[PDB]
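A.B. asks: Take a look at the following structure, please.
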Amino acid sequence: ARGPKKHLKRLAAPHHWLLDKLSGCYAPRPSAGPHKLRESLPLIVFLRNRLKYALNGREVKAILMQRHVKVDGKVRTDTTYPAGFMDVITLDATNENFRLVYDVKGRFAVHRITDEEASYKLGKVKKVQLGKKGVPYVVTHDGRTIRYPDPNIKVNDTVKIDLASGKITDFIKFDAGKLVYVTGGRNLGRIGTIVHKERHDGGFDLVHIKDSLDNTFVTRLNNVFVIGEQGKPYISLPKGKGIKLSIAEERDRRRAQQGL
Amino acid sequence: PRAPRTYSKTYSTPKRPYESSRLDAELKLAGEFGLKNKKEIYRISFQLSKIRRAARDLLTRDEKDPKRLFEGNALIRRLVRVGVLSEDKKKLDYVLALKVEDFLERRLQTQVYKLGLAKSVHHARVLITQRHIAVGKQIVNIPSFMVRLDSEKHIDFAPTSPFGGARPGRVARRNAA
RNA sequence: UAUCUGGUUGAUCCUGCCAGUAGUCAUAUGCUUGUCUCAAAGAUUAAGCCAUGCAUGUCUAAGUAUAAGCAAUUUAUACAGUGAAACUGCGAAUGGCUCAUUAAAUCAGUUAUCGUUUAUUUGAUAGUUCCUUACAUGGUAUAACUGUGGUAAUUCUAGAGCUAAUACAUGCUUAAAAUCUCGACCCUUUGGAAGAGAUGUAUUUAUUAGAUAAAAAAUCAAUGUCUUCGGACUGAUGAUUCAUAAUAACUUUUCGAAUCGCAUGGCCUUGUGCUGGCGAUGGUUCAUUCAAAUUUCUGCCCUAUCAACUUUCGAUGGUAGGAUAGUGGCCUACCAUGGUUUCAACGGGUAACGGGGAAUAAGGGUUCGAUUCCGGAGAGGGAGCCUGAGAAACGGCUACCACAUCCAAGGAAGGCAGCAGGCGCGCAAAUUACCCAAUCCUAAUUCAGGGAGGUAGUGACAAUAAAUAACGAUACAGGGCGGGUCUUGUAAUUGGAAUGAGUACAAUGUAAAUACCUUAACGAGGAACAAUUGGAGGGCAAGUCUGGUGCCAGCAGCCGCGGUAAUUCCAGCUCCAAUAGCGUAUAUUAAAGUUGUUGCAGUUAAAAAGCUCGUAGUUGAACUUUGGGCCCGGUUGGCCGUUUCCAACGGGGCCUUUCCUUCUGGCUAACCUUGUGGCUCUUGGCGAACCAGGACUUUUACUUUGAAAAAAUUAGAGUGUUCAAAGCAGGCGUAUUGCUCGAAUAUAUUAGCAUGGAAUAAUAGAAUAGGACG
RNA sequence: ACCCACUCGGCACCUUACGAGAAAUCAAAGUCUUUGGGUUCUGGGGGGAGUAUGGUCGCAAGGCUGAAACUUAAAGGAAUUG
RNA sequence: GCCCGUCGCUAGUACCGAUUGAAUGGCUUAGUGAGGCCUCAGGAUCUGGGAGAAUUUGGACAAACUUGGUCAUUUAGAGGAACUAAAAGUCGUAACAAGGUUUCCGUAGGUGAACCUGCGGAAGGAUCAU
RNA sequence: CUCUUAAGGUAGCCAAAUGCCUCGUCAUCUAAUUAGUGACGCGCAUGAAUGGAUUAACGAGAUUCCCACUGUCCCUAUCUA
Ligand SMILES: [Mg+2]
Ligand SMILES: [Mg+2]
Ligand SMILES: [Mg+2]
Ligand SMILES: [Mg+2]
Ligand SMILES: [Mg+2]
Ligand SMILES: [Mg+2]
Ligand SMILES: [Mg+2]
Ligand SMILES: [Mg+2]
Ligand SMILES: [Mg+2]
Ligand SMILES: [Mg+2]
Ligand SMILES: [Mg+2]
Ligand SMILES: [Mg+2]
Ligand SMILES: [Mg+2]
Ligand SMILES: [Mg+2]
Ligand SMILES: [Mg+2]
Ligand SMILES: [Mg+2]
Ligand SMILES: [Mg+2]
Ligand SMILES: [Mg+2]
Ligand SMILES: [Mg+2]
Ligand SMILES: [Mg+2]
Ligand SMILES: [Mg+2]
Ligand SMILES: [Mg+2]
Ligand SMILES: [Mg+2]
Ligand SMILES: [Mg+2]
Ligand SMILES: [Mg+2]
Ligand SMILES: [Mg+2]
Ligand SMILES: [Mg+2]
Ligand SMILES: [Mg+2]
Ligand SMILES: [Mg+2]
Ligand SMILES: [Mg+2]
Ligand SMILES: [Mg+2]
Ligand SMILES: [Mg+2]
Ligand SMILES: [Mg+2]
Ligand SMILES: [Mg+2]
Ligand SMILES: [Mg+2]
Ligand SMILES: [Mg+2]
Ligand SMILES: [Mg+2]
Ligand SMILES: [Mg+2]
Ligand SMILES: [Mg+2]
Ligand SMILES: [Mg+2]
Ligand SMILES: [Mg+2]
Ligand SMILES: [Mg+2]
Ligand SMILES: [Mg+2]
Ligand SMILES: [Mg+2]
Ligand SMILES: [Mg+2]
Ligand SMILES: [Mg+2]
Ligand SMILES: [Mg+2]
Ligand SMILES: [Mg+2]
Ligand SMILES: [Mg+2]
Ligand SMILES: [Mg+2]
Ligand SMILES: [Mg+2]
Ligand SMILES: [Mg+2]
Ligand SMILES: [Mg+2]
Ligand SMILES: [Mg+2]
Ligand SMILES: [Mg+2]
Ligand SMILES: [Mg+2]
Ligand SMILES: [Mg+2]
Ligand SMILES: [Mg+2]
Ligand SMILES: [Mg+2]
Ligand SMILES: [Mg+2]
Ligand SMILES: [Mg+2]
Ligand SMILES: [Mg+2]
Ligand SMILES: [Mg+2]
Ligand SMILES: [Mg+2]
Ligand SMILES: [Mg+2]
Ligand SMILES: [Mg+2]
Ligand SMILES: [Mg+2]
Ligand SMILES: [Mg+2]
Ligand SMILES: [Mg+2]
Ligand SMILES: [Mg+2]
Ligand SMILES: [Mg+2]
C-alpha cells in the first residue's frame, strides 16, 4: 500500500503497553531502532503511563530535549524510541536506573536497579558469521554488532556488554541447565533454566523449561533467553521472579494482604 | 477511528405477553417494593437468569473442576457481599434457587423503608431522589442502589438534607415569610 | 435460556399451512417527548454530478543571507544579531474516504526467501585515490533580486543585468609490512640477485579455497620450510556454488568529507610552523529495525435450464535467453503435448470486498458483517508515466472517452469514494461553526503544520440510570375486637412540609466556550411543571355501558364484524398492556422436529423410478499379545491431628519366547551392585534417557496434551463509575514534599506444527519366492 | 402314487398383540423422544401447472428434464354421527 | 344436496408474438490509433569526443474511435392463448347414491360444452365367497 | 325456435396471385408508404387429390426492405474509336 505506515491506531497497539482505549484514536507508533516494533516500548509511554512522571505527551518531548534521559548510555531523545527488553534507562535527574524486564503477566515492568548494574548489558546472540575482511561479529536481540568475539560463542547465547564501550567479556551458553527467561508467547515472563531442546530440523526447535516451583512448560527456542545459572542470575529479576502464580494462588495472596 | 463505546441491555421481556397469572403477579411485586416500571421487574429477572445460566453451567463441571471453584467461590462471594444469598448457602447449589424477591428486598428504596424511616415504600422513593439520604458524605438518588449490607450500617440522612440536619429548606423558608 | 395459541368438521383425531407471539448493532415512517450519562449518523438508490472555503507543508548553535529587511549593539572592515524572498534538503506514498470491481482472487490461519528490494532508525566498517600535479582547499551557471516586457485571463512567464552552496561539476592525500610479477649484471650451479612495477573498496567475468564417514602407502608434472646433502618433510545451516577468502583481468570506474556549529588550547628549533576539544551533516559496505514484494498448506455464497474446459494470439512442461529488485511462461526463441474435471472442472449468478465479528439464547443450528480494528481495492472511466527509498500516486503529470467551467472566440483551467456544504437519487442519513488543549503524526524539527484528530451544534440510531409527586388531620362508611382508637381506607373544604424541570450571582468545567458535578437568589396545587401509545368478540389483558350508522360508511395480520337493540365500525364513558416511549411497514431469528447430522415425512394426507443391470459416490463379516507376576511413586478421602494403617482412582517401568531401528562413543539414572523401618557411600557390573555422527526407516485416519498464538468483541475476576450502561481504574498515610494493589483468567474449534496413546477404520508385506536372517 | 414327522426355500391365509398408527389397519406399516445396521429415491399448504421457457429423445403422437408472476385459508387424510 | 365445463361481464398477473424489436453492462475479432516510455537519427546552441531543445526511425505498452460478434441483466408490442379473482349469470348433467351407461388410469379418435366410444389395465367397486 | 336441403363448408387458411366494399381495421417499417410485412375475419365469392395446410432445398419467376455499390439523380462536364 504505497510504502511505509507511520501511524498507529489504538487497539493496534501492543496490549502489554496498557493504554486505555478512550484517550483519542492513536498509540505512539514506535520508531525504527534496536527492538522489533511489536516487541518493544517507546519512551513516551514509559515517562507518561507506567511511571507517570509526565502528564501529557507535549511534556514528554519537553523532558527529553534537556538530555535528561539515557538508554544503554546514550542521550536518545526520540519520543517514540523503541526501547526494549533488557535495555537500561538511566535518568540523569533522580539518578535513577531501570533495566527493561517483563512481568510474568508479560508486560514491561518498572524495575529500579543499582548504579553498578546500570552499566552492563546482555544479549541473546541472534547471528554469528564472518564478514568484511573475515573479522567475525556477533549480533544480538538488541541490534548491535560486536566485532571479534571468541570462537566459543555460538548462536542462542547471552553476552555481557560493557556499554561504556562495545566489547563483551562473559558469554553464558545455551546448554541443558542454564537460567533462561521466556521472552515470547505468553509463557512470557516465566523463568527457569532448562529441561532440554528438541531439534526438529526444518524449523522451530522446542525448549523445555522447569521453573523453580517444579512446574514444566514449553516455548519456542527463538523466545528462550538464557540468563545464567540455577538461582544465580546475571541481572536483577523483578518482584516475584516470574513463577506464574495461578489465578487462585494470585487472589489467595491478593487477600492475604488484607488488614490495614 | 473511534474506539467503540461498549453497551448492553439490562432487561429481558416475557415471551407470552399477556399471561395474566404472571401479570397480576408482576404488579404485586411492583406495588410492593415501590417500582415505576414493570421493567424494573423485568430488569431484575434478567441478571437472575444470567446468574442461573452462569451458575447452573458450573454444576455440570466435574465436581471442583479448576475454574468452577474460582468463579464459583467468586460468585457466591459477590451475592452475600450484597446480602441476597444468606451465609448458610455459600456452596452454590442453592444459588440456583434465588427467587426474585430476595433481590428486590436488598434495594436501597426498600431497606430505607425496612429500617423504618420511610413512612411508605414510596415516601422512600420520593426522598431518595430529593437531595436526601446518603451513606457516607456520598448522597445517593438511585432507588436501585443494591446496598451491600456492609454500608447498610450507615444509612442515616445526609448533612445537607433538611430532614437529617440542615438549613430549613426551600419552601419552609418563606412559609415563614 | 428445552412452552405455544387462533382458523378445515355437525362434532372428531390427523397432515398441513396461514395468522398469532418474542428478539434484532435493523432500516424506515407515524404519534408522543421532561432530566443524567452515552453518541451512531448520505452504506443500501447513483464508485451519480459538484458552487465556495478549507484538508501539506517544513529551519536547528550547526548547508546557502550584500533584503537597496527590522534591529542596533558591540571587539568584530570579509561573515556573525534577527530574518522576507529564494535555493538546498526532507515530507508530500502516512493520514482520511469509499466498497465499485473482485468467487481460488481477496482474505484467514499456517508457511517460504538457500527467491529479492529495503529511505529511515540503531549498531558496526575506510592510512591505499599520484606518477616511467593548487591542499594554506581548484570550476561556472543560476534562483531570489534589480530592471525592461507580453496576454481578456491561471501558482503563465519572456528578454536583459547580478550572486551563493552540504545545489551543479570537479579533483590532491598517509605509516609499516608482506606477497606477487617482471628482472641489469655473474655462472654455470643445489642455481640468486641488485631494484622495476604491481597489489584500497565497489563493478563484471572466469579460476580457486571454503576441509572433516575410521585409517594408510607408491608414483608422473610441477615445487614449498629445515639440510645432519643418505635425505626427510579452520565458521554457519537440516540443506548450497553459503558467509569469507585467493588468483587473471574487466569498468564512459561506486565509495574513499573541497561541509557546518560551539568553543579555542597547547607546544619550540617562534615558522602565519606544527598540533589539538566537544557534535553536526554526510559517506560506501555489513547488520538492525520500519517495511515491501512474491510464496507453502487448508478453507469461499447460489447454480447442471453450465459437462467438459485450457493452446486465436501460452494452454502444461523442457532448454536457452531477455526482462525484473529478484523466483516463475513474466516475456521470447526452439522443442515437446501437456494441464483441470462428477472428489463438479469450465461457465453463469451475486441487490459479493474478506476477516475480527453481529443477531437469534436447550443444544445442533439459522441469518447478517457497506460500516470505528486488521488486510485488500479505488479515487469519473481506462491506459501511460515523471519524481522517488517507496506510487502505475490521481487533493502528481500525459493521452483518449465521458462530464464539465471561464473567455475579449485568440485561448485557459476543473476531478470531494478528505472536512463541511450543495444538486440528484430515493423509505432512507446532521454544521458551509471552534482548536492543535488532548491523542498521535510529519518537517530542517521542544517552537511550524495537521477538517488526522478533538470541541460544540444538529441528533427518540442504538445503550444506562429513572420526575410527573410525598405525609398528614377530618368527615360521613366498611371492616377490627355501638362506632372506639387499631386503619382498610372511600373522602370533591383542608394542611404545613420536600423538590428539580426550569431560571441564575458564582466558582468549577473549557484552547475559548457549552453542558454536566457543586451552589446563593428564584423556582408546584389542579389554570397544573396537565404522558404517551395502542387496545378492550376470539388468539389476547380490558365492558354483550351510552349515543351514532344501518352489508352504508368503516373495522378486521388471521377466525371474522356492520343489512336498525353493533361485545368488533364513528364516539362519550369506563377498563386493560407497555410506558418516555409506543404503533406501522419490510427483512430476519426463535418458535420450526415445516430443511429434520442431532431430528421429519413418503400404504391411503405431499412423496418409492414400471423393471433389472450398473460406473461414480456411500457402505462393507470375522480372526494377529491376550493373560498372569514383581516394583515404583503419584491423587482424592478416611481414622487420627504428614511418617506410617485401611479402602478406591489414576501414571510409568519391569519379567513372562515379547524392537524399543540401528549401531560407532559420549552420559550412564538407575542395580543383580559392595533391622532391609533408614541413606549417605568407590574399585568389577542396567541401557536406550538423548545427545551427534553414521547407516535405514510401509503408508494413514482418530484421540490426548502443548506450543504458535492482536487488540476491541464475548465469557469472566478485581474495583462501590453517587447507581447503572461503562471506565481501568484505584486504594491507603505522616494528606510537609509517599505508601501501595492493579490492569486477571478464559477463547481458535477447520488447516499447519509439536507431543502422549495403539482400541476403532483403512494401506502395504513371503506363493513361479525375484522372500527372510549370515 | 398315498399316509405320517421334521427341515430348507416359495405363493398365501388364520388367531393374536407384546408392539405400531391420525385412524382404517400392519408380523411389519414392529424392534423411534429409551430418537443411529447399510444404502438409493422422492415429498415440504392449496391452486397456478406438469403450464411457460430452454435443453434433449421421437417420423409423429408425444417422452424426459421442468419454473415463475399471481392467486388463496384452506385443499387434503382416516374415522364418527346424521 | 353437492357439483363440472364451454359461453358472457369486470379486473389483475404472467406467458406466446411481426417488429432480423429496443436498452444497459462485461468481455472480444478485424480496422484505424492518442500518449508516455525504450530506441535509430536529428543538431536550435554550448561547450569539453560531451551535453542538448525542436524534429524523427523502429519498438513494446496501450487508451480510444468505427463496424461487428458474444455473454449477462432488462424490456416496448397489434394480436393470440392461459389462469385468477370467482361464489354467481347462460347452456346443459360429467362426478358424488349401481349419480341413474359404476368410477378412475394409459392410449386413440370424435363431440357446443361438460363429455362420448374403442383396446389394455386398477378397485380407490357396486363382488374379500361355490 | 323456425323455414328449408342431396348435404347445408368440417380440419385448415386469408383483404392471400382468391375481398366487392377497399387506399378494409389494428400494428409494424418511414419525415411522410393506394407498397411491404404481422395481425384481425358474417370470408361480395377461402377450403380440402376442383386437393387443404405446412415445407428444407432449388428459381434468368412476381414483390418488399437493408448493406455494399454506383453519373439513376441533384447537374452536368471531359476523353477515345
Ligand atoms: Mg513516531
Ligand atoms: Mg372457518
Ligand atoms: Mg364450523
Ligand atoms: Mg348438522
Ligand atoms: Mg408468522
Ligand atoms: Mg453512495
Ligand atoms: Mg458511512
Ligand atoms: Mg463521484
Ligand atoms: Mg545580516
Ligand atoms: Mg492510506
Ligand atoms: Mg497479494
Ligand atoms: Mg554551464
Ligand atoms: Mg566448516
Ligand atoms: Mg559467493
Ligand atoms: Mg594558536
Ligand atoms: Mg439460466
Ligand atoms: Mg522455460
Ligand atoms: Mg494438444
Ligand atoms: Mg454440483
Ligand atoms: Mg459488489
Ligand atoms: Mg453458536
Ligand atoms: Mg429456519
Ligand atoms: Mg466489513
Ligand atoms: Mg459478506
Ligand atoms: Mg454496497
Ligand atoms: Mg491514477
Ligand atoms: Mg479530492
Ligand atoms: Mg491521496
Ligand atoms: Mg484578443
Ligand atoms: Mg461530503
Ligand atoms: Mg434516520
Ligand atoms: Mg473535522
Ligand atoms: Mg471532525
Ligand atoms: Mg410532563
Ligand atoms: Mg402542582
Ligand atoms: Mg386512549
Ligand atoms: Mg380477556
Ligand atoms: Mg368503542
Ligand atoms: Mg414491544
Ligand atoms: Mg451427530
Ligand atoms: Mg412433515
Ligand atoms: Mg387421492
Ligand atoms: Mg415401486
Ligand atoms: Mg436412471
Ligand atoms: Mg470390520
Ligand atoms: Mg491449549
Ligand atoms: Mg415354511
Ligand atoms: Mg389395538
Ligand atoms: Mg394399540
Ligand atoms: Mg427435431
Ligand atoms: Mg433495425
Ligand atoms: Mg528497445
Ligand atoms: Mg398461468
Ligand atoms: Mg350425473
Ligand atoms: Mg340428477
Ligand atoms: Mg355414470
Ligand atoms: Mg362410485
Ligand atoms: Mg380447424
Ligand atoms: Mg394482393
Ligand atoms: Mg386515409
Ligand atoms: Mg400498406
Ligand atoms: Mg418503397
Ligand atoms: Mg397481409
Ligand atoms: Mg377473407
Ligand atoms: Mg359486402
Ligand atoms: Mg364458398
Ligand atoms: Mg376451388
Ligand atoms: Mg399435399
Ligand atoms: Mg414438411
Ligand atoms: Mg428468385
Ligand atoms: Mg405479394
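Identifiers in this document derive from the order of the C-alpha cells: chains are assigned A, B, ..., residues are numbered from 1 separately in each chain, and ligands are numbered from 1 in order of occurrence.
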What does the list of residues within 10 Å of ligand 14 look like if you count only C-alpha atoms (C1' of nucleotides) and all ligand atoms, written as a VMD selection string?

C.D. replies: chain C and resid 241 to 244

A.B. asks: Report, in Å with one decimal, the straight-line distance from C1' of residue 78 (chain D) to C1' of residue 23 (chain D).

C.D. replies: 4.9 Å

A.B. asks: Counting only C-alpha atoms (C1' of nucleotides) and all ligand atoms, which protein, DNA or RNA residues come within 7 Å of ligand 34, given as a ChimeraX atom specification?

C.D. replies: /C:34,468,529,531

A.B. asks: Compile the contact shell of region 56-60 of chain D as a PyMOL selection string: residues with an atom at most 12 Å away, counting only C-alpha atoms (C1' of nucleotides), same-chain residues fewer than 4 positions apart removed.

C.D. replies: (chain C and resi 305) or (chain D and resi 64-65)

A.B. asks: Could you save those same residues with N, CA and C atoms (P, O5', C5', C4', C3', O3' and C1' of nucleotides) as a PDB file, in the first residue's frame?

C.D. replies:
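This is the output file selection.pdb:
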ATOM      1  P     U C 305     -30.484 -29.078 -15.484  1.00  0.00           P
ATOM      2  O5'   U C 305     -30.600 -27.612 -16.099  1.00  0.00           O
ATOM      3  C5'   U C 305     -29.799 -27.240 -17.214  1.00  0.00           C
ATOM      4  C4'   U C 305     -30.100 -25.850 -17.723  1.00  0.00           C
ATOM      5  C3'   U C 305     -30.103 -24.727 -16.684  1.00  0.00           C
ATOM      6  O3'   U C 305     -29.493 -23.565 -17.248  1.00  0.00           O
ATOM      7  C1'   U C 305     -32.172 -24.765 -17.843  1.00  0.00           C
TER       8        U C 305
ATOM      9  P     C D  64     -42.658 -38.187 -19.056  1.00  0.00           P
ATOM     10  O5'   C D  64     -41.099 -37.913 -18.887  1.00  0.00           O
ATOM     11  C5'   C D  64     -40.185 -38.981 -18.683  1.00  0.00           C
ATOM     12  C4'   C D  64     -38.759 -38.498 -18.729  1.00  0.00           C
ATOM     13  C3'   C D  64     -38.445 -37.279 -17.878  1.00  0.00           C
ATOM     14  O3'   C D  64     -38.254 -37.582 -16.507  1.00  0.00           O
ATOM     15  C1'   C D  64     -37.532 -36.980 -20.032  1.00  0.00           C
ATOM     16  P     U D  65     -38.693 -36.521 -15.380  1.00  0.00           P
ATOM     17  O5'   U D  65     -37.780 -35.248 -15.672  1.00  0.00           O
ATOM     18  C5'   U D  65     -36.375 -35.309 -15.482  1.00  0.00           C
ATOM     19  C4'   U D  65     -35.676 -34.086 -16.023  1.00  0.00           C
ATOM     20  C3'   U D  65     -36.083 -32.756 -15.421  1.00  0.00           C
ATOM     21  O3'   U D  65     -35.523 -32.525 -14.141  1.00  0.00           O
ATOM     22  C1'   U D  65     -35.944 -32.544 -17.766  1.00  0.00           C
TER      23        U D  65
END

A.B. asks: Please report the interatomic distance between CA of residue 4 (chain A) and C1' of residue 118 (chain C) in Å with one decimal.

C.D. replies: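 Separating CA of residue 4 (chain A) from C1' of residue 118 (chain C) is a distance of 10.8 Å.
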
A.B. asks: Select all residues from chain C having any atom no more than 7 Å from an atom of chain B (counting only C-alpha atoms (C1' of nucleotides), ignoring ligands), output as a ChimeraX atom specification.

C.D. replies: /C:21-22,372,463,470,499,540-541,722-723,725

A.B. asks: Just want the residues within 12 Å of ligand 17, written as a ChimeraX atom specification, counting only C-alpha atoms (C1' of nucleotides) and all ligand atoms.

C.D. replies: /C:314,316-322,328-335

A.B. asks: 12 Å from ligand 15 is the threshold here; counting only C-alpha atoms (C1' of nucleotides) and all ligand atoms, which polymer residues fall inside it? Answer as a PyMOL selection string.

C.D. replies: chain C and resi 264-267+270+272-276

A.B. asks: Ligand 9: which residues are within 8 Å, counting only C-alpha atoms (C1' of nucleotides) and all ligand atoms, as number ranges by chain?

C.D. replies: C: 65, 81-83

A.B. asks: Kindly export the residues of the current selection with N, CA, C and O atoms (P, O5', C5', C4', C3', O3' and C1' of nucleotides), as a PDB file, in the first residue's frame.

C.D. replies:
ATOM      1  P     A C  65      26.244  32.184   3.107  1.00  0.00           P
ATOM      2  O5'   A C  65      25.445  33.525   2.800  1.00  0.00           O
ATOM      3  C5'   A C  65      24.026  33.571   2.888  1.00  0.00           C
ATOM      4  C4'   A C  65      23.513  34.950   2.577  1.00  0.00           C
ATOM      5  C3'   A C  65      23.987  36.034   3.537  1.00  0.00           C
ATOM      6  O3'   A C  65      24.307  37.221   2.817  1.00  0.00           O
ATOM      7  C1'   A C  65      21.603  35.903   3.564  1.00  0.00           C
ATOM      8  P     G C  81      24.097  35.359  13.095  1.00  0.00           P
ATOM      9  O5'   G C  81      23.164  35.760  14.318  1.00  0.00           O
ATOM     10  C5'   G C  81      23.723  36.242  15.530  1.00  0.00           C
ATOM     11  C4'   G C  81      22.909  37.374  16.103  1.00  0.00           C
ATOM     12  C3'   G C  81      21.419  37.343  15.807  1.00  0.00           C
ATOM     13  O3'   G C  81      20.718  36.463  16.668  1.00  0.00           O
ATOM     14  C1'   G C  81      22.273  39.552  15.537  1.00  0.00           C
ATOM     15  P     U C  82      19.927  35.195  16.079  1.00  0.00           P
ATOM     16  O5'   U C  82      18.664  35.837  15.353  1.00  0.00           O
ATOM     17  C5'   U C  82      17.655  36.489  16.108  1.00  0.00           C
ATOM     18  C4'   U C  82      16.862  37.451  15.261  1.00  0.00           C
ATOM     19  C3'   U C  82      16.266  36.888  13.983  1.00  0.00           C
ATOM     20  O3'   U C  82      15.082  36.142  14.203  1.00  0.00           O
ATOM     21  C1'   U C  82      17.273  38.980  13.537  1.00  0.00           C
ATOM     22  P     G C  83      14.885  34.713  13.493  1.00  0.00           P
ATOM     23  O5'   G C  83      14.486  35.085  11.996  1.00  0.00           O
ATOM     24  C5'   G C  83      13.412  35.975  11.729  1.00  0.00           C
ATOM     25  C4'   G C  83      13.559  36.631  10.379  1.00  0.00           C
ATOM     26  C3'   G C  83      13.645  35.691   9.187  1.00  0.00           C
ATOM     27  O3'   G C  83      12.362  35.262   8.763  1.00  0.00           O
ATOM     28  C1'   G C  83      15.341  37.339   9.031  1.00  0.00           C
TER      29        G C  83
END

A.B. asks: Using only C-alpha atoms (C1' of nucleotides) and all ligand atoms, which residues of the polymer chains come no farther than 10 Å from ligand 4? I'd like the answer as a list in words.

C.D. replies: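 These are the residues that qualify: residues 10 and 11 of chain C; 81 and 82 of chain D.
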
A.B. asks: Would you mind listing, as number ranges by chain, all residues of chain A that have at least one atom within 7 Å of chain B, where only C-alpha atoms are what counts?

C.D. replies: A: 21-22, 25, 248

A.B. asks: Atoms to include: N, CA and C atoms. Write the selected residues as a CSV table (one decimal), in the first residue's frame.

C.D. replies:
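Now in result_12.csv:
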chain,number,residue,atom,x,y,z
A,21,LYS,N,-8.4,2.7,26.2
A,21,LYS,CA,-8.9,2.8,24.8
A,21,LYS,C,-9.2,4.3,24.5
A,22,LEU,N,-10.1,4.9,25.3
A,22,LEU,CA,-10.5,6.2,25.1
A,22,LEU,C,-9.5,7.1,25.7
A,25,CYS,N,-7.4,8.4,19.5
A,25,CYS,CA,-7.5,7.4,18.5
A,25,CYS,C,-6.3,6.6,18.3
A,248,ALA,N,-6.0,-18.6,41.4
A,248,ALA,CA,-6.4,-18.7,42.7
A,248,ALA,C,-5.2,-18.5,43.7

A.B. asks: Using DSSP on the backbone coordinates, identify the residues of chain B assigned to helix (DSSP H, G or I); present them as a ChimeraX atom specification.

C.D. replies: /B:20-33,38-58,66-80,87-89,95-97,101-104,108-114,121-129,172-175

A.B. asks: Just want the 10 Å neighbourhood of region 42-45 of chain E, counted on only C-alpha atoms (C1' of nucleotides), with same-chain residues fewer than 3 positions away dropped. Output as a VMD selection string.

C.D. replies: chain E and resid 52 to 56

A.B. asks: Need the shell around residue 74 (chain D): protein/DNA/RNA residues with any atom at most 9 Å away, counting only C-alpha atoms (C1' of nucleotides). Skip same-chain ones fewer than 4 positions apart. Format as JSON, numbers by chain?

C.D. replies: {"C": [7, 8, 17, 18], "D": [45, 46]}

A.B. asks: Keeping only N, CA, C and O atoms (P, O5', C5', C4', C3', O3' and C1' of nucleotides), write those residues as a PDB file, in the first residue's frame.

C.D. replies:
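So the final result, stored in result.pdb, reads:
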ATOM      1  P     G C   7     -60.282 -21.622  16.561  1.00  0.00           P
ATOM      2  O5'   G C   7     -59.820 -21.189  15.101  1.00  0.00           O
ATOM      3  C5'   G C   7     -60.477 -20.142  14.404  1.00  0.00           C
ATOM      4  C4'   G C   7     -60.280 -20.288  12.920  1.00  0.00           C
ATOM      5  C3'   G C   7     -60.561 -21.671  12.367  1.00  0.00           C
ATOM      6  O3'   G C   7     -61.941 -21.935  12.195  1.00  0.00           O
ATOM      7  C1'   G C   7     -58.504 -20.904  11.515  1.00  0.00           C
ATOM      8  P     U C   8     -62.441 -23.455  12.075  1.00  0.00           P
ATOM      9  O5'   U C   8     -61.762 -23.942  10.722  1.00  0.00           O
ATOM     10  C5'   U C   8     -61.632 -25.320  10.417  1.00  0.00           C
ATOM     11  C4'   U C   8     -61.919 -25.574   8.962  1.00  0.00           C
ATOM     12  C3'   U C   8     -62.770 -26.806   8.684  1.00  0.00           C
ATOM     13  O3'   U C   8     -63.605 -26.551   7.559  1.00  0.00           O
ATOM     14  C1'   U C   8     -60.685 -27.025   7.594  1.00  0.00           C
ATOM     15  P     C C  17     -46.265 -27.187   6.226  1.00  0.00           P
ATOM     16  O5'   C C  17     -46.575 -25.633   6.370  1.00  0.00           O
ATOM     17  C5'   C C  17     -46.594 -24.797   5.225  1.00  0.00           C
ATOM     18  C4'   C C  17     -47.952 -24.182   5.002  1.00  0.00           C
ATOM     19  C3'   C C  17     -48.194 -22.834   5.652  1.00  0.00           C
ATOM     20  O3'   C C  17     -47.601 -21.767   4.937  1.00  0.00           O
ATOM     21  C1'   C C  17     -50.070 -24.224   6.002  1.00  0.00           C
ATOM     22  P     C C  18     -46.912 -20.554   5.732  1.00  0.00           P
ATOM     23  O5'   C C  18     -48.117 -19.548   5.995  1.00  0.00           O
ATOM     24  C5'   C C  18     -49.053 -19.259   4.968  1.00  0.00           C
ATOM     25  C4'   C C  18     -50.336 -18.691   5.521  1.00  0.00           C
ATOM     26  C3'   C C  18     -50.200 -17.712   6.674  1.00  0.00           C
ATOM     27  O3'   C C  18     -49.806 -16.415   6.272  1.00  0.00           O
ATOM     28  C1'   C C  18     -51.914 -19.254   7.162  1.00  0.00           C
TER      29        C C  18
ATOM     30  P     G D  45     -44.923 -26.258   1.385  1.00  0.00           P
ATOM     31  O5'   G D  45     -46.470 -26.603   1.260  1.00  0.00           O
ATOM     32  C5'   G D  45     -47.021 -27.680   2.002  1.00  0.00           C
ATOM     33  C4'   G D  45     -48.517 -27.567   2.123  1.00  0.00           C
ATOM     34  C3'   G D  45     -49.288 -27.476   0.818  1.00  0.00           C
ATOM     35  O3'   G D  45     -49.459 -28.729   0.178  1.00  0.00           O
ATOM     36  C1'   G D  45     -50.076 -25.823   2.293  1.00  0.00           C
ATOM     37  P     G D  46     -49.477 -28.814  -1.428  1.00  0.00           P
ATOM     38  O5'   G D  46     -50.880 -28.174  -1.823  1.00  0.00           O
ATOM     39  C5'   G D  46     -52.080 -28.641  -1.228  1.00  0.00           C
ATOM     40  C4'   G D  46     -53.252 -27.770  -1.595  1.00  0.00           C
ATOM     41  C3'   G D  46     -53.433 -27.509  -3.077  1.00  0.00           C
ATOM     42  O3'   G D  46     -54.019 -28.603  -3.757  1.00  0.00           O
ATOM     43  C1'   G D  46     -53.703 -25.489  -1.882  1.00  0.00           C
TER      44        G D  46
END

A.B. asks: Residues within 12 Å of ligand 55 should be enumerated using only C-alpha atoms (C1' of nucleotides) and all ligand atoms and returned as a list in words.

C.D. replies: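 Result of the 12 Å neighbour search around ligand 55: residues 1, 2, 3, 92, 93, 94, 95, 96, 97, 99 and 100 of chain E.
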
A.B. asks: Would you output that residue set with C-alpha atoms (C1' of nucleotides), as a PDB file, in the first residue's frame?

C.D. replies:
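Result file out33.pdb:
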ATOM      1  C1'   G E   1     -77.748 -31.602  -1.610  1.00  0.00           C
ATOM      2  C1'   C E   2     -73.413 -31.179  -3.824  1.00  0.00           C
ATOM      3  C1'   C E   3     -71.105 -30.127  -8.443  1.00  0.00           C
ATOM      4  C1'   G E  92     -76.815 -28.375 -20.272  1.00  0.00           C
ATOM      5  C1'   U E  93     -75.660 -33.049 -16.113  1.00  0.00           C
ATOM      6  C1'   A E  94     -69.978 -35.094 -16.221  1.00  0.00           C
ATOM      7  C1'   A E  95     -68.620 -36.679 -10.921  1.00  0.00           C
ATOM      8  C1'   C E  96     -70.596 -37.750  -5.861  1.00  0.00           C
ATOM      9  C1'   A E  97     -76.219 -42.839  -4.296  1.00  0.00           C
ATOM     10  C1'   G E  99     -75.259 -40.490  -9.590  1.00  0.00           C
ATOM     11  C1'   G E 100     -79.321 -43.296 -12.809  1.00  0.00           C
TER      12        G E 100
END
